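S.K.: following this: a sequence and the matching experimental structure.
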Amino acid sequence: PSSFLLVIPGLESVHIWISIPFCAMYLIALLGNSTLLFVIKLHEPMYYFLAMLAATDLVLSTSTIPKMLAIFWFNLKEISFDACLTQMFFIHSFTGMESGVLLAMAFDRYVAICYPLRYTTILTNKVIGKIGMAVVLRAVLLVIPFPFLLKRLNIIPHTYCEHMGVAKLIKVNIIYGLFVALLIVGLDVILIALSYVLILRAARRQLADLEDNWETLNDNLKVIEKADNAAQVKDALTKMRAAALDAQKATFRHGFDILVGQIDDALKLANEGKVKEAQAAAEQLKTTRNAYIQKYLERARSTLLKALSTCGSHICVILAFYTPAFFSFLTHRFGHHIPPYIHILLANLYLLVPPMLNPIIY
């Protein structure tokens, strides 16, 4: 054929009033993405992925709104076949890229949290570029067969060319449509969950190690205070020196050196077979312990947590982009009693509101 006659079919009476929210959302998304890209023109990998996400999102949003606005206002409902194929390919490819970018952001957050000292040496401009190129190539390759398969084989009740909607004009295309969903979207869920469980599993042992060190130094010291033999004092002081060394390594800096020096001075006296002097030195060390042990451990608990609050903003994007997808999937498989115009409005909203929400969050 030459042209397709697009048509909200139920609400065909009033159409001007429906276009106000869509125009407002498009303007907001365009302005937000433009500002986000302009502000960078912060050289960190996470910001690079955020910029790529914003650019892909803006280009996706600009590829669907104008046709709907023109249909609503000017009532020009004719689309060339080439335009329909182009719009289909662009929409699907950009959704895939957005998912890939989210996955890359999750990986960057994981490598930041679990390895804070090797974050720069692992992520290099070359490796980041290779990852981005791989994501783009995977999305393009997986989205390339759709136009060819459709071209292998005149009213659309919609506002843009959707592959599932166009295919109704059967039992084979749906298999590939389901396979691609579980390769660029289904795998993203699994990888993000695995990258979040590993992050949350990390905070648990780093804090546990410091807690263990504090408990063992305190507990052991009580034993030294209640000490009765030349051997026991030495056996406890050696463990004290080891624990202090490890705790200072794990990192209020000098204070660890002072505690270590006090432990060393106590060890020498016990080496010379004096019990009272060792007990006195141990009691003296408790002063520096209370002076620096109390303050370091107080900040230690608050310290581990701050790194988990940098990952909080990235959870909102997932919640705002995946949950609408799940709602759309549920309404596209069990939504029979609802009239079709509700289906059209819901699909438009689920496709359009992530572009609105993303720039406002970041």
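M.R.: Received it, and whenever you're ready, just let me know what you need. Numbers count the residues shown, from 1 in each chain.

S.K.: I'd say residue 19 and residue 69 touch.
M.R.: Yes - with the criterion set as Cβ atoms under 8 Å, residue 19 and residue 69 qualify as a contacting pair; they are 6.0 Å apart. Where C-beta positions appear, they are placed from N, C-alpha and C, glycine not excepted.

S.K.: isn't residue 18 right up against residue 11?
M.R.: Yes - shown here, residue 18 and residue 11 form a contact pair, counting by Cβ under 8 Å, at 6.9 Å.

S.K.: helices along the stretch 1-150 of the chain, start to end?
M.R.: Under the criterion DSSP state H, counting those that start in this stretch, the stretch 1-150 of the chain contains helices at 19-40, 45-61, 65-74, 81-114, 119-122, 125-143, 145-152.

S.K.: what do you get for the stretch 251-362 of the chain?
M.R.: Going by DSSP H, counting those that start in this stretch, the stretch 251-362 of the chain shows helices at 254-271, 275-288, 294-309, 312-331, 340-361.

S.K.: any chance of those in CSV with distance to residue 103 and mean neighbour count as columns?
M.R.: Putting the helices of the stretch 251-362 of the chain into CSV (distance: least, Cβ to Cβ, whole Å; neighbours: other Cβ atoms under 10 Å) gives the following:
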stretch, distance to residue 103, mean neighbour count
helix 254-271, 41, 17
helix 275-288, 49, 16
helix 294-309, 20, 12
helix 312-331, 10, 15
helix 340-361, 15, 18
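
S.K.: tell me which of these lies nearest to residue 201.
M.R.: Using Cβ to Cβ as the measure, helix 294-309 is the one of these that comes nearest residue 201, at 11.8 Å.

S.K.: pull the closest one out as PDB, backbone CA atoms only.
M.R.: Only the C-alpha atoms of helix 294-309 are listed here, as PDB (Å, rounded to 0.1, in the frame of the first residue of the first chain):
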ATOM      1  CA  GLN A 294      34.400   5.600  71.000                       C
ATOM      2  CA  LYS A 295      34.600   8.400  68.300                       C
ATOM      3  CA  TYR A 296      35.900   6.200  65.500                       C
ATOM      4  CA  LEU A 297      33.200   3.500  65.900                       C
ATOM      5  CA  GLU A 298      30.500   6.200  66.200                       C
ATOM      6  CA  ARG A 299      31.300   7.500  62.800                       C
ATOM      7  CA  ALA A 300      31.900   4.000  61.400                       C
ATOM      8  CA  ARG A 301      28.200   3.000  61.400                       C
ATOM      9  CA  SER A 302      27.200   6.300  59.800                       C
ATOM     10  CA  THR A 303      30.000   6.000  57.300                       C
ATOM     11  CA  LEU A 304      29.100   2.700  55.600                       C
ATOM     12  CA  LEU A 305      25.500   3.800  55.100                       C
ATOM     13  CA  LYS A 306      26.200   7.000  53.200                       C
ATOM     14  CA  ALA A 307      27.600   5.000  50.200                       C
ATOM     15  CA  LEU A 308      24.200   3.100  50.100                       C
ATOM     16  CA  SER A 309      22.300   6.400  49.700                       C
END
